[PDB]
Amino acid sequence: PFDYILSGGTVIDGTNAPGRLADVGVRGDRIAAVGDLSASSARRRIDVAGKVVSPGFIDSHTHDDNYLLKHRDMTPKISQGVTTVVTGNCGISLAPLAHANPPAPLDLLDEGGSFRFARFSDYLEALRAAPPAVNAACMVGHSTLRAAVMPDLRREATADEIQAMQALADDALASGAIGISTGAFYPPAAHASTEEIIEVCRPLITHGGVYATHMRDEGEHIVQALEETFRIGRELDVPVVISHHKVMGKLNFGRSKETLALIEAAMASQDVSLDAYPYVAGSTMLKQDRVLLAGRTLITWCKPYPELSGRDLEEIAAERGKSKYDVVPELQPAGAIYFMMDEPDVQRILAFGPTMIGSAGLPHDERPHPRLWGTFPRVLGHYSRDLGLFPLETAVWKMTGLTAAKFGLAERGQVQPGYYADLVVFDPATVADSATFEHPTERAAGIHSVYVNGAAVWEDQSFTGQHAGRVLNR
Ligand SMILES: [Cu+2]
Ligand SMILES: [Zn+2]
């Protein structure tokens, strides 16, 4: 007998096909059957008429490394229909690193003494012993490796340092990591050469992981940054993932036509993937960057002056008698929101066939960017339904079947008999992002229920208490 059957709704199976009326039966952690299940014995038959039953959403780009440990409920994500998170992005992973004051942007994951894992396996063991509500597919970050090995980060690494990082990377992959990420855009790795990155990531071909990256530059020199990424992919002969694709700065608006053309061409000869979030503003560490600081900038958190959280940097700078760029040093470490993208580009990038959906949420921020709470429903509601950017089945595919395939998450991302029971029940007519820049933590509308490995984790707009997540392997 099945444990339960979700009956009377429309199934959008995650393979990018129009929805069809069908029931979904679950037994244990597996989807036992799909179709007319009136003839199958079940302990419960849940009515989901008027709703859509789809695979659970996979967040391709998260910074939930530590949040998974400190807030197992994972409300910001499960309330949106997310059932699996990919961690350790942009070169930033919680482990391996025992440091009491990690350099920005590593501090985006810190709640105070959070970096206590000497080995990557110790981190994975912790997750398994006290599982979060969602599954976790973890990557190790290059900048974290640099911080753990190099006494001085403002220079290229020596052969001995490269060997040390490569050993740590290898141990992480052997322990279960699904890949390695880099973020040469940031201070900790700005001095890292392309060859340093290649040598540190060589274990990928032996273990079969992916290479993810926050490119060295996403503005004036984005073409060069794209080429470096493609080159790294060919040298390693491993798939590459371009994180949160965008063209930032007024002088780069409209250039998504150009960048997408380059990516499409690369996909013809090598393995390339990419993800993005549905907003015109970015967010990360407060940084002395003239392009990032060109437009409206809001503080998310500030260590030396906590009261600045939520304020407009222009006011702060002006009142201190300095430019936004010159006032940054005295306010660090801190975080911010940067309005430096244009709607047309965001829409073009989201619509681009292979683009997967990733939130890039920064969960520890005092006053966070709303993407943390509304990314997925904003794509299903605002963009798919209201603007008609793509049909619903395609919008779902972009956060389920496509993502599972690119990260190698076997038996997930599809509503198919035999696959794991990560599922979402939502109302297509009302699903929508409620979070706004003004009120960034509002819960999404239209999300009826969410299941992970067969257990309901979100019901009646609340965490059920089921710590059903598992550490996944590629
Ligand atoms: Cu990131
Ligand atoms: Zn990034």
# chains A, B, ... in the order shown; residues from 1 in each chain; ligands from 1
>>> residues_near_ligand(ligand="ligand 1", cutoff="10 Å", atoms="only C-alpha atoms and all ligand atoms", output="PyMOL selection string")
chain A and resi 60-64+87-93+105+181-183+212-214+243-244+283-284+358-362
>>> write_last_selection(atoms="N, CA, C and O atoms", output="JSON list (two decimals), in the first residue's frame")
[["chain", "number", "residue", "atom", "x", "y", "z"],
["A", 60, "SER", "N", 19.78, 26.02, -7.44],
["A", 60, "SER", "CA", 21.11, 25.83, -8.00],
["A", 60, "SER", "C", 22.21, 26.74, -7.46],
["A", 60, "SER", "O", 23.39, 26.44, -7.63],
["A", 61, "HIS", "N", 21.84, 27.84, -6.80],
["A", 61, "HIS", "CA", 22.86, 28.74, -6.28],
["A", 61, "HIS", "C", 22.53, 29.28, -4.89],
["A", 61, "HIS", "O", 21.82, 30.28, -4.76],
["A", 62, "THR", "N", 23.06, 28.63, -3.86],
["A", 62, "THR", "CA", 22.80, 29.07, -2.49],
["A", 62, "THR", "C", 24.08, 29.31, -1.70],
["A", 62, "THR", "O", 25.17, 28.86, -2.07],
["A", 63, "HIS", "N", 23.91, 30.02, -0.59],
["A", 63, "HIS", "CA", 24.99, 30.30, 0.34],
["A", 63, "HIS", "C", 24.42, 29.85, 1.68],
["A", 63, "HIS", "O", 24.52, 30.55, 2.69],
["A", 64, "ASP", "N", 23.82, 28.66, 1.67],
["A", 64, "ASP", "CA", 23.18, 28.09, 2.86],
["A", 64, "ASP", "C", 24.09, 27.15, 3.66],
["A", 64, "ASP", "O", 23.62, 26.49, 4.59],
["A", 87, "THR", "N", 25.23, 24.02, -2.24],
["A", 87, "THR", "CA", 26.03, 24.91, -1.39],
["A", 87, "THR", "C", 27.49, 25.10, -1.83],
["A", 87, "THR", "O", 27.95, 24.47, -2.77],
["A", 88, "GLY", "N", 28.19, 25.98, -1.12],
["A", 88, "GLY", "CA", 29.60, 26.25, -1.40],
["A", 88, "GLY", "C", 29.88, 26.92, -2.73],
["A", 88, "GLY", "O", 30.74, 26.48, -3.49],
["A", 89, "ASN", "N", 29.17, 28.01, -3.00],
["A", 89, "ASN", "CA", 29.31, 28.74, -4.26],
["A", 89, "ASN", "C", 30.25, 29.95, -4.23],
["A", 89, "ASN", "O", 30.63, 30.44, -3.17],
["A", 90, "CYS", "N", 30.62, 30.40, -5.43],
["A", 90, "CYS", "CA", 31.47, 31.56, -5.62],
["A", 90, "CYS", "C", 32.80, 31.50, -4.87],
["A", 90, "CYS", "O", 33.35, 32.54, -4.48],
["A", 91, "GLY", "N", 33.31, 30.29, -4.69],
["A", 91, "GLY", "CA", 34.57, 30.08, -4.00],
["A", 91, "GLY", "C", 34.44, 30.11, -2.49],
["A", 91, "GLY", "O", 35.43, 29.95, -1.77],
["A", 92, "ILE", "N", 33.21, 30.30, -2.01],
["A", 92, "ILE", "CA", 32.93, 30.38, -0.57],
["A", 92, "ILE", "C", 32.22, 29.16, 0.03],
["A", 92, "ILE", "O", 31.03, 28.98, -0.17],
["A", 93, "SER", "N", 32.96, 28.33, 0.76],
["A", 93, "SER", "CA", 32.37, 27.17, 1.42],
["A", 93, "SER", "C", 32.68, 27.31, 2.91],
["A", 93, "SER", "O", 33.68, 27.93, 3.27],
["A", 105, "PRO", "N", 34.50, 37.77, 1.20],
["A", 105, "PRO", "CA", 33.10, 37.56, 1.57],
["A", 105, "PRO", "C", 32.79, 36.27, 2.34],
["A", 105, "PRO", "O", 31.63, 35.86, 2.42],
["A", 181, "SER", "N", 34.07, 25.38, -6.46],
["A", 181, "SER", "CA", 33.67, 26.68, -6.99],
["A", 181, "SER", "C", 34.76, 27.72, -6.77],
["A", 181, "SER", "O", 35.61, 27.57, -5.88],
["A", 182, "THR", "N", 34.75, 28.77, -7.59],
["A", 182, "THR", "CA", 35.72, 29.86, -7.48],
["A", 182, "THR", "C", 35.01, 31.21, -7.55],
["A", 182, "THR", "O", 33.88, 31.31, -8.04],
["A", 183, "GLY", "N", 35.69, 32.24, -7.07],
["A", 183, "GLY", "CA", 35.16, 33.59, -7.09],
["A", 183, "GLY", "C", 36.31, 34.58, -7.13],
["A", 183, "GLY", "O", 36.52, 35.34, -6.18],
["A", 212, "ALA", "N", 32.09, 25.30, -10.73],
["A", 212, "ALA", "CA", 31.13, 26.41, -10.69],
["A", 212, "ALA", "C", 31.91, 27.70, -10.48],
["A", 212, "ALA", "O", 32.94, 27.71, -9.81],
["A", 213, "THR", "N", 31.42, 28.81, -11.04],
["A", 213, "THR", "CA", 32.15, 30.06, -10.89],
["A", 213, "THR", "C", 31.42, 31.39, -10.91],
["A", 213, "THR", "O", 30.46, 31.59, -11.66],
["A", 214, "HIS", "N", 31.88, 32.28, -10.05],
["A", 214, "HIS", "CA", 31.40, 33.66, -10.00],
["A", 214, "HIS", "C", 32.56, 34.23, -10.81],
["A", 214, "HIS", "O", 33.67, 34.39, -10.28],
["A", 243, "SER", "N", 27.70, 31.04, -12.60],
["A", 243, "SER", "CA", 26.77, 31.49, -11.56],
["A", 243, "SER", "C", 26.14, 32.86, -11.80],
["A", 243, "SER", "O", 26.78, 33.76, -12.33],
["A", 244, "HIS", "N", 24.88, 32.99, -11.37],
["A", 244, "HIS", "CA", 24.11, 34.23, -11.48],
["A", 244, "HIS", "C", 24.52, 35.12, -12.64],
["A", 244, "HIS", "O", 25.02, 36.23, -12.43],
["A", 283, "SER", "N", 23.58, 41.49, -4.58],
["A", 283, "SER", "CA", 23.87, 41.61, -3.15],
["A", 283, "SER", "C", 25.06, 40.73, -2.76],
["A", 283, "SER", "O", 25.18, 39.59, -3.20],
["A", 284, "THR", "N", 25.94, 41.28, -1.92],
["A", 284, "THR", "CA", 27.12, 40.57, -1.45],
["A", 284, "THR", "C", 27.84, 41.46, -0.43],
["A", 284, "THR", "O", 27.23, 42.36, 0.15],
["A", 358, "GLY", "N", 18.49, 30.08, -9.69],
["A", 358, "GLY", "CA", 19.27, 30.05, -8.46],
["A", 358, "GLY", "C", 18.99, 31.34, -7.70],
["A", 358, "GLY", "O", 19.05, 32.42, -8.28],
["A", 359, "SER", "N", 18.70, 31.24, -6.40],
["A", 359, "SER", "CA", 18.37, 32.42, -5.60],
["A", 359, "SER", "C", 19.51, 33.34, -5.16],
["A", 359, "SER", "O", 19.33, 34.56, -5.09],
["A", 360, "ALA", "N", 20.66, 32.76, -4.85],
["A", 360, "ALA", "CA", 21.81, 33.52, -4.37],
["A", 360, "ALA", "C", 21.44, 34.23, -3.07],
["A", 360, "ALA", "O", 21.99, 35.27, -2.73],
["A", 361, "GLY", "N", 20.48, 33.66, -2.34],
["A", 361, "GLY", "CA", 20.07, 34.25, -1.08],
["A", 361, "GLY", "C", 21.19, 34.27, -0.05],
["A", 361, "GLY", "O", 22.02, 33.36, 0.01],
["A", 362, "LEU", "N", 21.23, 35.33, 0.76],
["A", 362, "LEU", "CA", 22.24, 35.47, 1.81],
["A", 362, "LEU", "C", 21.41, 35.46, 3.09],
["A", 362, "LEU", "O", 21.02, 36.51, 3.61]]
>>> residues_around(residues="residue 314 in chain A", least_positions_apart="6", cutoff="9 Å", atoms="only C-alpha atoms", output="PyMOL selection string")
chain A and resi 296-298+323-324
>>> write_last_selection(atoms="N, CA, C and O atoms", output="JSON list (two decimals), in the first residue's frame")
[["chain", "number", "residue", "atom", "x", "y", "z"],
["A", 296, "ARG", "N", 21.85, 52.95, -6.89],
["A", 296, "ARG", "CA", 21.26, 52.90, -5.55],
["A", 296, "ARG", "C", 21.88, 51.73, -4.79],
["A", 296, "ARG", "O", 21.91, 50.60, -5.28],
["A", 297, "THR", "N", 22.38, 52.00, -3.59],
["A", 297, "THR", "CA", 23.01, 50.97, -2.77],
["A", 297, "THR", "C", 22.44, 51.00, -1.35],
["A", 297, "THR", "O", 22.37, 52.06, -0.73],
["A", 298, "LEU", "N", 22.04, 49.83, -0.85],
["A", 298, "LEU", "CA", 21.48, 49.70, 0.49],
["A", 298, "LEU", "C", 22.32, 48.76, 1.35],
["A", 298, "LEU", "O", 22.79, 47.72, 0.88],
["A", 323, "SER", "N", 32.55, 60.27, -0.72],
["A", 323, "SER", "CA", 31.86, 59.61, -1.82],
["A", 323, "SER", "C", 31.51, 58.21, -1.31],
["A", 323, "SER", "O", 32.07, 57.75, -0.31],
["A", 324, "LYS", "N", 30.59, 57.53, -1.99],
["A", 324, "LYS", "CA", 30.22, 56.18, -1.57],
["A", 324, "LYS", "C", 31.44, 55.28, -1.61],
["A", 324, "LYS", "O", 31.65, 54.45, -0.72]]
>>> residues_around(residues="residue 193 in chain A", least_positions_apart="2", cutoff="12 Å", atoms="only C-alpha atoms", output="PyMOL selection string")
chain A and resi 154-158+162+182-185+189-191+195-200+216+228+232
>>> residues_around(residues="residue 331 in chain A", least_positions_apart="6", cutoff="12 Å", atoms="only C-alpha atoms", output="PyMOL selection string")
chain A and resi 285-288+299-309+313+316-317+320+324-325
>>> write_last_selection(atoms="C-alpha atoms", output="PDB file, in the first residue's frame")
ATOM      1  CA  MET A 285      29.888  42.018   0.740  1.00  0.00           C
ATOM      2  CA  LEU A 286      30.152  45.826   0.836  1.00  0.00           C
ATOM      3  CA  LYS A 287      33.071  46.437  -1.537  1.00  0.00           C
ATOM      4  CA  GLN A 288      35.095  49.346  -2.961  1.00  0.00           C
ATOM      5  CA  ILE A 299      23.279  48.291   3.542  1.00  0.00           C
ATOM      6  CA  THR A 300      22.225  44.753   4.549  1.00  0.00           C
ATOM      7  CA  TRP A 301      24.374  44.547   7.710  1.00  0.00           C
ATOM      8  CA  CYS A 302      27.396  46.365   9.201  1.00  0.00           C
ATOM      9  CA  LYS A 303      29.828  45.092  11.844  1.00  0.00           C
ATOM     10  CA  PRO A 304      31.419  48.354  13.114  1.00  0.00           C
ATOM     11  CA  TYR A 305      28.138  50.315  12.898  1.00  0.00           C
ATOM     12  CA  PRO A 306      25.161  47.894  13.256  1.00  0.00           C
ATOM     13  CA  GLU A 307      22.571  50.682  13.141  1.00  0.00           C
ATOM     14  CA  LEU A 308      23.339  51.285   9.452  1.00  0.00           C
ATOM     15  CA  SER A 309      21.427  48.140   8.422  1.00  0.00           C
ATOM     16  CA  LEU A 313      24.686  54.314   1.393  1.00  0.00           C
ATOM     17  CA  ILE A 316      25.656  57.700   4.897  1.00  0.00           C
ATOM     18  CA  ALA A 317      28.498  58.797   2.616  1.00  0.00           C
ATOM     19  CA  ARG A 320      30.203  61.630   6.500  1.00  0.00           C
ATOM     20  CA  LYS A 324      30.217  56.184  -1.571  1.00  0.00           C
ATOM     21  CA  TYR A 325      33.468  54.662  -2.806  1.00  0.00           C
TER      22      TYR A 325
END
>>> residues_around(residues="range 341-357 of chain A", least_positions_apart="3", cutoff="8 Å", atoms="only C-alpha atoms", output="number ranges by chain")
A: 59-61, 245-250, 253-257, 260, 273-282, 376, 389-390, 398-399, 402-403
>>> atom_distance(atom1="CA of residue 209 in chain A", atom2="CA of residue 145 in chain A")
16.9 Å
>>> select_by_dssp(residues="range 134-217 of chain A", states="alpha helix (DSSP H)", output="VMD selection string")
chain A and resid 142 to 149 159 to 175 194 to 200 203 to 207
>>> write_last_selection(atoms="N, CA, C and O atoms", output="compact mmCIF listing (two decimals), in the first residue's frame")
# COMPACT_ATOMS: atom_id res chain seq x y z
N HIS A 142 37.22 27.47 -3.50
CA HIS A 142 38.62 27.82 -3.71
C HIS A 142 39.14 28.90 -2.76
O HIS A 142 40.27 28.81 -2.27
N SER A 143 38.33 29.92 -2.48
CA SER A 143 38.76 30.98 -1.58
C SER A 143 38.91 30.46 -0.15
O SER A 143 39.78 30.90 0.60
N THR A 144 38.04 29.52 0.22
CA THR A 144 38.12 28.92 1.55
C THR A 144 39.43 28.14 1.63
O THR A 144 40.11 28.14 2.66
N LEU A 145 39.79 27.47 0.54
CA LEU A 145 41.03 26.70 0.52
C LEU A 145 42.23 27.65 0.64
O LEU A 145 43.19 27.35 1.36
N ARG A 146 42.17 28.79 -0.03
CA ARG A 146 43.26 29.76 0.04
C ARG A 146 43.42 30.27 1.47
O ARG A 146 44.54 30.39 1.97
N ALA A 147 42.31 30.58 2.12
CA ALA A 147 42.35 31.08 3.49
C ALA A 147 42.91 30.04 4.45
O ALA A 147 43.53 30.39 5.46
N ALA A 148 42.71 28.77 4.14
CA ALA A 148 43.18 27.69 4.99
C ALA A 148 44.66 27.35 4.78
O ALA A 148 45.29 26.78 5.67
N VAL A 149 45.20 27.71 3.62
CA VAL A 149 46.59 27.39 3.31
C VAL A 149 47.58 28.56 3.26
O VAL A 149 48.68 28.48 3.82
N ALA A 159 53.89 26.68 -5.56
CA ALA A 159 53.64 25.29 -5.90
C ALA A 159 53.24 24.52 -4.65
O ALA A 159 52.30 23.72 -4.67
N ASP A 160 53.94 24.77 -3.54
CA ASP A 160 53.65 24.09 -2.29
C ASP A 160 52.25 24.40 -1.77
O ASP A 160 51.58 23.54 -1.22
N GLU A 161 51.82 25.65 -1.94
CA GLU A 161 50.49 26.04 -1.48
C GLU A 161 49.44 25.43 -2.40
O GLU A 161 48.38 24.98 -1.94
N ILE A 162 49.73 25.40 -3.70
CA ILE A 162 48.80 24.81 -4.66
C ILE A 162 48.63 23.32 -4.36
O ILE A 162 47.53 22.78 -4.46
N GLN A 163 49.73 22.66 -4.00
CA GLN A 163 49.68 21.24 -3.67
C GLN A 163 48.82 21.01 -2.42
O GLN A 163 48.06 20.05 -2.37
N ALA A 164 48.94 21.90 -1.44
CA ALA A 164 48.16 21.78 -0.21
C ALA A 164 46.67 21.95 -0.48
O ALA A 164 45.85 21.18 0.02
N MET A 165 46.31 22.95 -1.28
CA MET A 165 44.90 23.19 -1.60
C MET A 165 44.33 22.03 -2.42
O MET A 165 43.21 21.58 -2.17
N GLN A 166 45.11 21.53 -3.38
CA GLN A 166 44.68 20.42 -4.23
C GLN A 166 44.39 19.18 -3.39
O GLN A 166 43.45 18.43 -3.69
N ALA A 167 45.19 18.96 -2.35
CA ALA A 167 45.00 17.81 -1.47
C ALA A 167 43.70 17.96 -0.69
O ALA A 167 42.95 17.00 -0.51
N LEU A 168 43.42 19.17 -0.23
CA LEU A 168 42.19 19.44 0.51
C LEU A 168 40.99 19.26 -0.41
O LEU A 168 39.97 18.69 -0.02
N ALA A 169 41.12 19.76 -1.64
CA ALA A 169 40.05 19.65 -2.62
C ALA A 169 39.77 18.18 -2.92
O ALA A 169 38.62 17.75 -3.00
N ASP A 170 40.84 17.40 -3.07
CA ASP A 170 40.70 15.98 -3.36
C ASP A 170 39.99 15.26 -2.21
O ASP A 170 39.09 14.46 -2.44
N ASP A 171 40.40 15.56 -0.98
CA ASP A 171 39.79 14.95 0.19
C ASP A 171 38.31 15.28 0.26
O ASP A 171 37.49 14.43 0.62
N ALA A 172 37.96 16.52 -0.09
CA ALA A 172 36.56 16.95 -0.06
C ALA A 172 35.73 16.18 -1.07
O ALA A 172 34.63 15.71 -0.76
N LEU A 173 36.25 16.04 -2.29
CA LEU A 173 35.53 15.31 -3.33
C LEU A 173 35.38 13.84 -2.95
O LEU A 173 34.33 13.23 -3.16
N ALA A 174 36.44 13.26 -2.39
CA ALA A 174 36.42 11.86 -1.98
C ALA A 174 35.39 11.66 -0.87
O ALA A 174 34.76 10.61 -0.78
N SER A 175 35.23 12.69 -0.03
CA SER A 175 34.29 12.64 1.08
C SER A 175 32.83 12.85 0.68
O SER A 175 31.92 12.57 1.47
N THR A 194 44.92 31.83 -13.51
CA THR A 194 44.07 30.82 -14.13
C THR A 194 44.69 29.44 -13.94
O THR A 194 43.98 28.45 -13.74
N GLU A 195 46.02 29.35 -14.00
CA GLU A 195 46.69 28.07 -13.82
C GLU A 195 46.57 27.58 -12.38
O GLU A 195 46.51 26.37 -12.14
N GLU A 196 46.55 28.51 -11.42
CA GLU A 196 46.41 28.12 -10.02
C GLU A 196 45.07 27.41 -9.87
O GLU A 196 44.98 26.34 -9.26
N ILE A 197 44.04 28.01 -10.44
CA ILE A 197 42.69 27.46 -10.39
C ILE A 197 42.64 26.07 -11.04
O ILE A 197 42.05 25.14 -10.49
N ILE A 198 43.26 25.94 -12.20
CA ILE A 198 43.27 24.66 -12.91
C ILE A 198 43.92 23.54 -12.09
O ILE A 198 43.34 22.45 -11.96
N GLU A 199 45.09 23.79 -11.52
CA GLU A 199 45.79 22.78 -10.74
C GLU A 199 45.05 22.38 -9.47
O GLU A 199 45.01 21.21 -9.10
N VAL A 200 44.46 23.37 -8.79
CA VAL A 200 43.70 23.10 -7.57
C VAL A 200 42.46 22.26 -7.87
O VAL A 200 42.04 21.45 -7.05
N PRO A 203 41.41 17.42 -9.31
CA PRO A 203 40.72 16.23 -8.79
C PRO A 203 39.32 16.01 -9.38
O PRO A 203 38.77 14.91 -9.28
N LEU A 204 38.76 17.04 -9.99
CA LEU A 204 37.42 16.95 -10.58
C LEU A 204 37.25 15.86 -11.63
O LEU A 204 36.21 15.21 -11.69
N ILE A 205 38.26 15.66 -12.46
CA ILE A 205 38.14 14.65 -13.50
C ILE A 205 38.25 13.23 -12.95
O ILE A 205 37.70 12.29 -13.52
N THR A 206 38.96 13.09 -11.84
CA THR A 206 39.13 11.79 -11.21
C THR A 206 37.87 11.39 -10.44
O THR A 206 37.47 10.22 -10.45
N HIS A 207 37.25 12.37 -9.79
CA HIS A 207 36.06 12.14 -8.99
C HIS A 207 34.75 12.42 -9.73
O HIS A 207 33.68 11.98 -9.30
>>> closest_residue(among="A:7, A:40, A:462, A:54", to="residue 392 in chain A", atoms="only C-alpha atoms")
A:54
>>> residues_around(residues="range 411-422 of chain A", least_positions_apart="6", cutoff="8 Å", atoms="only C-alpha atoms", output="list in words")
residues 11, 12, 13, 14, 15, 26, 29, 30, 31, 32, 33, 34, 54, 55, 56, 57, 58, 83, 400, 401, 402, 403, 404, 450, 451, 452, 453 and 454 of chain A
>>> closest_residue(among="A:24, A:136, A:294, A:226", to="residue 47 in chain A", atoms="only C-alpha atoms")
A:24
>>> atom_distance(atom1="CA of residue 67 in chain A", atom2="CA of residue 109 in chain A")
7.7 Å
>>> residues_around(residues="residue 42 in chain A", least_positions_apart="4", cutoff="7 Å", atoms="only C-alpha atoms", output="ChimeraX atom specification")
/A:1-5
>>> write_last_selection(atoms="N, CA, C and O atoms", output="compact mmCIF listing (two decimals), in the first residue's frame")
# COMPACT_ATOMS: atom_id res chain seq x y z
N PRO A 1 0.86 -1.21 0.00
CA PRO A 1 0.00 0.00 0.00
C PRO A 1 0.88 1.24 0.00
O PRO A 1 1.95 1.24 0.61
N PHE A 2 0.44 2.29 -0.69
CA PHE A 2 1.21 3.53 -0.72
C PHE A 2 0.95 4.25 0.60
O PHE A 2 -0.09 4.05 1.23
N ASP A 3 1.90 5.08 1.04
CA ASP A 3 1.74 5.83 2.27
C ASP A 3 0.65 6.88 2.06
O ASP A 3 -0.16 7.15 2.95
N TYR A 4 0.65 7.48 0.87
CA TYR A 4 -0.35 8.48 0.51
C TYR A 4 -0.36 8.73 -0.99
O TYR A 4 0.59 8.39 -1.70
N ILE A 5 -1.46 9.31 -1.47
CA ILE A 5 -1.61 9.65 -2.87
C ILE A 5 -2.11 11.09 -2.96
O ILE A 5 -3.05 11.47 -2.26
>>> closest_residue(among="A:215, A:410, A:267, A:104", to="ligand 2", atoms="only C-alpha atoms and all ligand atoms")
A:215
>>> decode(residues="range 174-188 of chain A", atoms="N, CA, C and O atoms", output="mmCIF file, in the first residue's frame")
data_model
loop_
_atom_site.group_PDB
_atom_site.id
_atom_site.type_symbol
_atom_site.label_atom_id
_atom_site.label_comp_id
_atom_site.auth_asym_id
_atom_site.auth_seq_id
_atom_site.Cartn_x
_atom_site.Cartn_y
_atom_site.Cartn_z
ATOM 1 N N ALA A 174 36.442 13.261 -2.389
ATOM 2 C CA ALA A 174 36.417 11.861 -1.979
ATOM 3 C C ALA A 174 35.391 11.663 -0.869
ATOM 4 O O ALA A 174 34.760 10.609 -0.779
ATOM 5 N N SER A 175 35.226 12.687 -0.034
ATOM 6 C CA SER A 175 34.287 12.640 1.085
ATOM 7 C C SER A 175 32.827 12.848 0.682
ATOM 8 O O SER A 175 31.923 12.573 1.470
ATOM 9 N N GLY A 176 32.593 13.349 -0.527
ATOM 10 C CA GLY A 176 31.223 13.554 -0.967
ATOM 11 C C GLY A 176 30.887 14.856 -1.679
ATOM 12 O O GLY A 176 29.774 15.002 -2.188
ATOM 13 N N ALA A 177 31.822 15.803 -1.721
ATOM 14 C CA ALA A 177 31.570 17.076 -2.394
ATOM 15 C C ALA A 177 31.242 16.824 -3.868
ATOM 16 O O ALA A 177 31.832 15.945 -4.495
ATOM 17 N N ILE A 178 30.304 17.589 -4.424
ATOM 18 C CA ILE A 178 29.914 17.396 -5.824
ATOM 19 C C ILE A 178 30.663 18.281 -6.812
ATOM 20 O O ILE A 178 30.409 18.222 -8.016
ATOM 21 N N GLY A 179 31.569 19.108 -6.306
ATOM 22 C CA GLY A 179 32.330 19.982 -7.181
ATOM 23 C C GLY A 179 33.136 21.025 -6.435
ATOM 24 O O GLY A 179 33.186 21.018 -5.203
ATOM 25 N N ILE A 180 33.772 21.920 -7.187
ATOM 26 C CA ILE A 180 34.580 22.995 -6.617
ATOM 27 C C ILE A 180 34.139 24.310 -7.257
ATOM 28 O O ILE A 180 33.859 24.353 -8.458
ATOM 29 N N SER A 181 34.069 25.377 -6.465
ATOM 30 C CA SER A 181 33.667 26.679 -6.992
ATOM 31 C C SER A 181 34.762 27.719 -6.771
ATOM 32 O O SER A 181 35.606 27.573 -5.877
ATOM 33 N N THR A 182 34.747 28.766 -7.593
ATOM 34 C CA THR A 182 35.718 29.856 -7.484
ATOM 35 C C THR A 182 35.009 31.208 -7.552
ATOM 36 O O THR A 182 33.878 31.310 -8.039
ATOM 37 N N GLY A 183 35.693 32.242 -7.071
ATOM 38 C CA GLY A 183 35.155 33.592 -7.091
ATOM 39 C C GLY A 183 36.309 34.579 -7.130
ATOM 40 O O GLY A 183 36.522 35.340 -6.183
ATOM 41 N N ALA A 184 37.058 34.562 -8.230
ATOM 42 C CA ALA A 184 38.218 35.438 -8.400
ATOM 43 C C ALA A 184 37.860 36.924 -8.388
ATOM 44 O O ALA A 184 38.741 37.787 -8.347
ATOM 45 N N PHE A 185 36.567 37.219 -8.441
ATOM 46 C CA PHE A 185 36.090 38.597 -8.404
ATOM 47 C C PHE A 185 36.395 39.199 -7.030
ATOM 48 O O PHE A 185 36.659 40.395 -6.908
ATOM 49 N N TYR A 186 36.377 38.355 -6.004
ATOM 50 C CA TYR A 186 36.598 38.801 -4.629
ATOM 51 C C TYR A 186 38.055 38.882 -4.158
ATOM 52 O O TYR A 186 38.930 38.174 -4.660
ATOM 53 N N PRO A 187 38.324 39.744 -3.158
ATOM 54 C CA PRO A 187 39.657 39.959 -2.584
ATOM 55 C C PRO A 187 40.495 38.716 -2.279
ATOM 56 O O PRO A 187 41.654 38.634 -2.680
ATOM 57 N N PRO A 188 39.926 37.732 -1.565
ATOM 58 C CA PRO A 188 40.693 36.522 -1.238
ATOM 59 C C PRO A 188 41.308 35.765 -2.417
ATOM 60 O O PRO A 188 42.309 35.066 -2.250
#
